[PDB]
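>>> here is my input, please return the structure:
(5 chains, ligands or ions: 4)
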Amino acid sequence: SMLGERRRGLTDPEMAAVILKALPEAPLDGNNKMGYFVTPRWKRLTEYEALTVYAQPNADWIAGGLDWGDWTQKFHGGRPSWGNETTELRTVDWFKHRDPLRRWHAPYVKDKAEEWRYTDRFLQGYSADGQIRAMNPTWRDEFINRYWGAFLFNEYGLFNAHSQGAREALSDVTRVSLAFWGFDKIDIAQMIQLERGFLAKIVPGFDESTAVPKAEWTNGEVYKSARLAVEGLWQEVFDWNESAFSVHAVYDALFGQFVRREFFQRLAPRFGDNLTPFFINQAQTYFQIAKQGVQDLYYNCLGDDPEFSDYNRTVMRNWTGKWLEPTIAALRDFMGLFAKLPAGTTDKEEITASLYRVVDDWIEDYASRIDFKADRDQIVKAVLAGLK
Amino acid sequence: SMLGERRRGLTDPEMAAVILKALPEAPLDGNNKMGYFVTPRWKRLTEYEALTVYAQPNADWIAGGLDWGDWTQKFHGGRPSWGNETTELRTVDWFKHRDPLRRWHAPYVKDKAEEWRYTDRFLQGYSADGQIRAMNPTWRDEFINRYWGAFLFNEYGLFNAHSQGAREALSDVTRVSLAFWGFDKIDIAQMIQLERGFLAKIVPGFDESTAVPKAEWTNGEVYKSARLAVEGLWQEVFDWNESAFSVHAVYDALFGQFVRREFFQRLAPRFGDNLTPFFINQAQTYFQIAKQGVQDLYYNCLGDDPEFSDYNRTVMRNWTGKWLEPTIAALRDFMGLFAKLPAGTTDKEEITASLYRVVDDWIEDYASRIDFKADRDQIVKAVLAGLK
Amino acid sequence: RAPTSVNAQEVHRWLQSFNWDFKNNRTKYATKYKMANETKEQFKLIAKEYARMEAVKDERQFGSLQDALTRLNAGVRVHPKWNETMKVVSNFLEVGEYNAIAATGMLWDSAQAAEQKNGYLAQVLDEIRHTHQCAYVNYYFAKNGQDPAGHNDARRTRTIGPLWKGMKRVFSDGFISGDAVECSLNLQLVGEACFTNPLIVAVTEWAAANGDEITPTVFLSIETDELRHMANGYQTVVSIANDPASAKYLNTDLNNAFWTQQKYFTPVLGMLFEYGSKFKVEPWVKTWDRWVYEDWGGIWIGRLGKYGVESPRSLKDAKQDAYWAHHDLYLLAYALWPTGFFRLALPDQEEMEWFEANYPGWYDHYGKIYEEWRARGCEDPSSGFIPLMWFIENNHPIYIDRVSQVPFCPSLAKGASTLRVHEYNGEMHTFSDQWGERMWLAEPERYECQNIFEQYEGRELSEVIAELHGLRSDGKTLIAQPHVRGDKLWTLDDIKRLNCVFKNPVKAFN
Amino acid sequence: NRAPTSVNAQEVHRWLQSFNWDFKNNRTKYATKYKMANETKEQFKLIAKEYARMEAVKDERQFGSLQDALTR
Amino acid sequence: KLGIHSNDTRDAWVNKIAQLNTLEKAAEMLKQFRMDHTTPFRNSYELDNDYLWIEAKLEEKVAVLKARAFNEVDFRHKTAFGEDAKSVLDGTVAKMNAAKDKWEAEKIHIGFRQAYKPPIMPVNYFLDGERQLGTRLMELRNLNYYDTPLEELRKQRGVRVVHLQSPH
Ligand SMILES: [Ca+2]
Ligand SMILES: [Ca+2]
Ligand SMILES: [Fe+3]
Ligand SMILES: [Fe+3]
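Numbers count the residues shown, from 1 in each chain, chains lettered A, B, ... in the order given. Ligands and ions are numbered 1, 2, ... in the order given. Here you go:
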């Protein structure tokens, strides 16, 4: 039937007439702002805040909670659905955090979706333009396939480190941010495979199988300590803030930045590789996006908590010390890769300067925020020892 | 008021009832397919064709027109709104063309919009990540600001070269493509300036003014034959098809490609510059997009026209030959840029390879389509004569 | 290392310097004016920001159409009369959108200052978006409406009728044929500023009243782009205001542009509003007066006064011929209903009372005529009657203005009834007003458009229709109809049997 | 050769299962009586990017309807 | 067999152009065809409903033959008649800028089109003359456009007034 069988109250004459009859003359309340009771971070409440803050049904016994009473059903043994006991950090209100980029689900998948289609056009343009012709063979088959490839497992591991946090985060704003930090990591790992998959299509003989990159990661030396650090951050940490903080304000800020930016982004161009930098651009953009959120949660909200500032900085300084050593070990082993490069690619001075760049940025963007007394030359000295 | 004063026929009980009573029992025609009479280029009629083909009100006296009679109003003198007299090319149907990418306005702005936002994000990441620290000052302050900047006028000129074609195109499918080929060109020009504007923001004494790169274009020696060739393709050509064919299938395919992909897209990486390549990736993506359309029109449609194949091919070989000389000249002058690069940047052996790359792809992508027997060796050698 | 970027304005800052000087750097089009090469544009846009702002509007629009609107069966719950009216409104407006693309392409070539070229360029792309948007409306009503015929093939079926010719004059040829500036005045200064801008919004109003939520969704999106085009027209005058040639030709090219546009829209737009709807929003006489006299003629043109622009000298003359213009036209439109690609309906009782109330004297002329045709069976295919026969029987020849292509019957009209017939080098010419007559006398080679009577002379009606595919899917029933009901639709045979043959009305003066 | 080419979600997903590796402590952090098979597979071959695109397409229609036609 | 897009008179001219096998004959037939059937100055209006379509079918034949005959430099710079494009172009513009009035100017422009409209003259020179000629034509015509009353204007155009009717 052209009109259909179902009658709709919005358009059915008889039904709408009944609905219009029962309507009041004007709204029963003029406060038409959902979330009007939320303390705005900025001048005016944002769509991000309204749709997010207080979605988590926390009771007042979990700092910042508006509900009351115990949970309705807990774990065998009595463990609460969500509780203070899942993290060492303390605060006046777990809902204070704000993603500086104000990312709720819709804006998040919109941007990643643009990047997906933009990526598809790039690869089609790259392949049709035959830009692969000028890429150094050795760099392609050895360093991209094996070493860049192995790095996917590092990012994948860092992605998984977020599983417990997704479940334990003590507020909506924190959970959403943590979920997004983790989703970008798996995305980067998949973009590394994507590149290998692309190369297998435009370069005869290139094998996209993960076997080689995986054997490098699991049994090689260059990434031995990195893997050991990742397995630790992922499976040995049961505190969701220690995991998020250590991963983002320690390990990935030092090791991750060095590998992605100082090694591949820096050297790929010297071998006629514009392909890898395309994907590293996305990784670096994601890294900087996460940094804003990480800094807000740990420095702005917790490290500067009006009641627990000193306590929280003590705890974070502890974690920084706990994980700085394994991160140094990771960088130290990675130093072994420089020996694999063709003679004349780079030298000890370039490597050292790039190391100081990463360490100096880390001290600026993180260490100093909690008063962690980092010794840049002592840190670089320790790592350089890995140079063969 | 809450309900408003305007009554709507879809929701108002009284009006809707009146409309419902007038409705036929079922659709008065089962053919609910707009554009059903258009000959599909593919298995099924696409939205692209339905919404585009035959929008242009041409009468049958213009190959393919479905209307009849003269135009209602013409130019003083008698010149027709649109007419066969505006291009040497002839065809059995001006509506045969089909953008292989099937781009109507919606998809077009969707893709470009994604690119604009992708770009903004990349720039915020790049600036926050301090990647500018690894760029060679000479390359930035001289080869980017002056020589890259100057190239923006080249692209800008090719952009305007499309102005007349936007007015004279003899069909909707050709006019849409042409319009998009030109709009992408001005975009490229605005991106070269955006990069210079970005650099001005993150580099203390960097001047974004087009003063320097402009004087280079207008008075320099490297782009002298380039500018003279552009001024020609744009203002001395009055045939819309010669203009588009000669710009995309001759000049920009050889000169434009060498400058973008073989010079800046190949050397920039060697100077710690991943910024310029980000923007060149778009230009190259665009070039490849446009080329698929340039090829469908002049080769699939005109060059292989069931009636004017030989004719059109003779006209294009004539245009190819006509503009191939000013193009090779543009390349020669450009060659004088290498002698300005720091010693050891590149050698005559590499450039000779890149020249054969541009020339061979050209012979493969355009020349061999209209049977313009071209000589790679003679061309390359003619260009190399510009070296220091 | 703070996150940094660069916006459109920051790049547009240097756009003006993008163009450089060289001997042959000049327009390729004939023009009497000189556009100043330092003219600026209002909106500081670059290709990418432009795409983004438009992509955002597309999202809402298509999201509404594909989701909520489709779920509400919005394509169907529209009054039959309006479903038909939109076949003409959307497709006819589509060509105006399409030629505006070429026009602004010509204007972009005409501009010397980079910023002015950029302004015209934004419109080029906008006119492209609008072309596809109008196309989508017909595409949508075809896919989901109560009658796809016409909506689905207007691009070819519009060629059968006479109303299309005049539309091409003000929406196609008038936009691209002549001095670049004359075209700018037809398109932007008059067309868009005086008519289309207010019209597009008006159409969304009449659509809403008749149950059409599809058109408002699209046309309201189109509307958001028109300010850039207003500016383009305004900037065209600012660009030539300083050239002495301007004081010699602007006020004439404009007056000619004003007459050209109003000549078609005054009767056509009023006709479509009042006769192609069931529920009314406002009497056209009131609307027209406000648009042309108050808003445009007064406010708009007034601001260009400092630029030497004056009210069209033919303005008061436009207001005199206006009052009954649209009522006179529908009589011809309906009498010739078999040449259209849409279904027409005669006014109902409520409607005739509305007309008489707003147009005293309406009933005694048009009303009685419509009831006569109906009682005679013009709606019934077995009657053997088509209103065109009534015109012949009562010796009321219908002519086509050689210049505007607008149909007129001076013998019956309640409005203008002047008629000028001339012969030149073996060809006859019919004119309906003094302004159009002058245009042809001065520029005879600009106006050689053959009318339907000339093309169809000696041909039997059903054959013209069949040849130009004026049939529905079954290959027998006419697309066009003398009523909007579901039963008793006319077929090609019902027409063939009338043995109606076309004659050139001007030959009676031989 | 030099034909416009790319890579889709399924193509990458074919190797997702290999992303995980073995190590002493690779085990769930939560108490459970069950043991989820180490080689269990999933029905949909998605990757972050593709998941984002397919959901963004839905949001487009949803919010467009809400902000445009439904509001009007 | 009558018809708008397909009719006997059109099928007639197609067989007629098909007989052309010389750029000379072809070019000449197009030149004459334009003298007899186009512009308000046409020798007759007998082909009024098909001349537009026929002219184009004639231009095609001429264009092809011109391509198979002319060399690269000629196809780009000389008319189908042998004339040197730029010469004609520069000469016509001279006559136009010398034209004493709009009546003289209009004849120069119209005649230029009937004679050199492609494939006769090369499009580049042709459209180049179109911008120059048209500019001069409009400048003379649009000057004091309304000064001449219609009664006098009709006498100037030399039209044969067959009927006038005006209630106001
Ligand atoms: Ca060194
Ligand atoms: Ca120290
Ligand atoms: Fe528009
Ligand atoms: Fe517009």
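
>>> excluding chain neighbours, what is closest to the residue most central in space within chain E?
Residue closest to the mean C-alpha point of chain E, counted by Cα atoms, centre = their mean, is residue E:114 at 2.6 Å. Once flanking residues are discounted, residue E:114 sits nearest to residue E:34: 4.3 Å by Cβ to Cβ, 6 or more residues apart in numbering or on different chains. Every residue, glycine included, has its C-beta placed from N, CA and C.

>>> neighbours of that neighbour, how many?
21 (other Cβ atoms under 10 Å in any protein chain shown).

>>> is chain D within reach of stretch A:190-207?
Yes. Using Cβ under 8 Å from any Cβ of the partner chain, we find that stretch A:190-207 touches chain D at A:190, A:191, A:193, A:194, A:197, A:198, A:201, A:202.

>>> longest helix in the chain, please.
In the absence of a named chain, this looks at chain A. For chain A, the helix that runs over the most residues, judged by DSSP state H, is helix A:172-202.

>>> please refer instead to chain D.
Longest helix in chain D, counting by DSSP H: helix D:48-67.

>>> if I've got this straight, residue D:72 is in a helix?
No. Under the criterion used here (DSSP: H, G, I helix; E, B strand; the rest coil), residue D:72 is coil, not part of a helix.

>>> what's the burial count for it?
13.

>>> wait, what's in contact with the nearest residue to it once chain neighbours are set aside?
Leaving aside its chain neighbours, residue D:72 sits nearest to residue C:216 (6.6 Å; criterion: Cβ to Cβ, 6+ apart). Neighbouring residues of residue C:216 by Cβ atoms under 8 Å, 6 or more residues apart in numbering or on different chains: C:204, C:207, C:208, D:72.

>>> that older thread, which elements pack onto the longest helix of chain A?
When contacts are defined as 3 or more Cβ pairs under 8 Å, 6 or more residues apart in numbering or on different chains; DSSP states H and E, helix A:172-202 sits against helix A:47-52, helix A:105-128, helix A:149-160, helix A:163-168, helix A:240-246, helix A:275-295, helix D:9-13, helix D:48-67.

>>> out of those helices, flag the one nearest residue C:41.
Nearest to residue C:41, of all the helices and strands packed on helix A:172-202, is helix A:105-128, at 28.3 Å by Cβ to Cβ.

>>> how far is the closest one from where the chain is centred?
Here helix A:105-128 is found 19 Å from its chain centre; the criterion is Cα atoms, centre = their mean, to the nearest Å.

>>> ok, now stretch E:112-119?
On the basis of Cα atoms, centre = their mean, stretch E:112-119 is displaced by 5 Å from the centre of the chain it belongs to.

>>> cool, stretch D:42-62 as well?
That offset, for stretch D:42-62, works out to 8 Å (Cα atoms, centre = their mean).

>>> before we move on, the earlier item: show me what counts as buried in the helix or strand following the longest helix of chain A.
As assigned by DSSP states H and E, the chain's next helix or strand after helix A:172-202 is helix A:211-219. By 16 or more other Cβ atoms under 10 Å in any protein chain shown, the buried positions in helix A:211-219 come out as A:212, A:213, A:214, A:216, A:217.

>>> still on that earlier bit, so how far is the helix or strand where the residue nearest to residue E:114 lies off the chain centroid?
Per DSSP H and E, residue E:34 falls inside helix E:23-37. How far helix E:23-37 lies from its chain's middle: 11 Å, per Cα atoms, centre = their mean.

>>> now stretch C:378-387
The answer for stretch C:378-387 is 30 Å, by Cα atoms, centre = their mean.

>>> stretch C:238-253 too?
Counting by Cα atoms, centre = their mean, stretch C:238-253 comes out at 27 Å from the chain centroid.

>>> stretch A:367-383 now?
In terms of Cα atoms, centre = their mean, the centre of stretch A:367-383 is found 23 Å from the chain centre.

>>> near ligand 2 at all, it?
Yes. Using Cβ under 5 Å from the ion, stretch A:367-383 comes into contact with ligand 2 via A:375, A:377.

>>> need the residues of stretch A:190-207 next to chain D in CSV with neighbour count, can you?
Formatted as CSV, those follow (neighbours: other Cβ atoms under 10 Å in any protein chain shown):
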residue, neighbour count
A:190, 26
A:191, 26
A:193, 25
A:194, 24
A:197, 20
A:198, 24
A:201, 16
A:202, 19
